[PDB]
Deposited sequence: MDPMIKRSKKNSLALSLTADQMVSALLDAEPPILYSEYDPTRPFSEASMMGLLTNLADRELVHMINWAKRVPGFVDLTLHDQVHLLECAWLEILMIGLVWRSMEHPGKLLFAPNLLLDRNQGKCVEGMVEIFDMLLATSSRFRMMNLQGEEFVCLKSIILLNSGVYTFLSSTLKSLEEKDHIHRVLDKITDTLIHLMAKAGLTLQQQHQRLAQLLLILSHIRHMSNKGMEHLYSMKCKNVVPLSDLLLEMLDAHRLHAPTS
């Protein structure tokens, strides 16, 4: 596949923006739960995902589902500084919270804005999370890394086409990937927070994997 077809394929597979309706938890469960149904269909449309086994697809989504949810919330909240756009009708401030995990989402949102992250780079970073979050947990592993190398080739291509020099392409690719380490830390603390809230049948299944 191309570097251009990779972006358009990810751009076309983007999920929609859903709407919302002790009290705060209620809106977030229904939002996450309904938001994963589209994430399952989006995952199937990521190049190379359907090539994996049914068990591999399950495991990859079991450990990356909350990471993808958070990077998506950060993306649509990137242009609402100091706020988080859970939904078009659910734009919440830093005082409407939990807050520990709230501040981390805002810092990431303010960081993407600092780097002026583009949509073409967002869909790539989101696909990397889906394929990398569970790769370290034999012939199938080489294929996942083969796709990951292709997405990396796509990120660089987007940076090179943007006028960046080689030193700046490597620096931007490093800055983007280093944020995934913080996005994973946010999901780790978010899994402990939702496990300390004891929802939805599909959710609870995701809660028992961690």
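- Sequence ranges 1 to 16, 38 to 46, 123 to 127, 168 to 175, 237 to 242, 255 to 261 have no coordinates in this entry (deposited sequence, numbered from 1, C-alpha basis).
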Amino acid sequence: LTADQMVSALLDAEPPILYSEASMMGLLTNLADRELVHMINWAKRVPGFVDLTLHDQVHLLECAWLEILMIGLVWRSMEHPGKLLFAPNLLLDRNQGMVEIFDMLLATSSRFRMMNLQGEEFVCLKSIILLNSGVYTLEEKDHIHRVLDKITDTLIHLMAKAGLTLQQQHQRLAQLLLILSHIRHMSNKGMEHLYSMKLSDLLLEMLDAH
From here on, numbers count along this sequence of modelled residues.
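- In the record comparison, residue 138 is unmodelled in at least a third of the other entries of this protein that model the residues flanking it.
- Averaged over their C-alpha atoms, the temperature factors of 51 to 59 and 168 to 176 are higher for 51 to 59.
- When the two stretches 63 to 71 and 28 to 36 are set side by side, the higher mean Cα temperature factor goes to 28 to 36.
- Out of 81, 97, 119, 134, the entry records its largest CA B-factor for 97.
- Based on the entry's C-alpha B-factors, the most elevated value among 186, 17, 10, 22 belongs to 22.
- Ranked within its chain, residue 90 lands in the highest third, by CA B factor from the PDB record.
- In the deposited entry, the Cα temperature factor of residue 138 places it in the highest third of its chain's modelled residues.
- Among all modelled residues in its chain, residue 101 ranks in the highest third by Cα B-factor.
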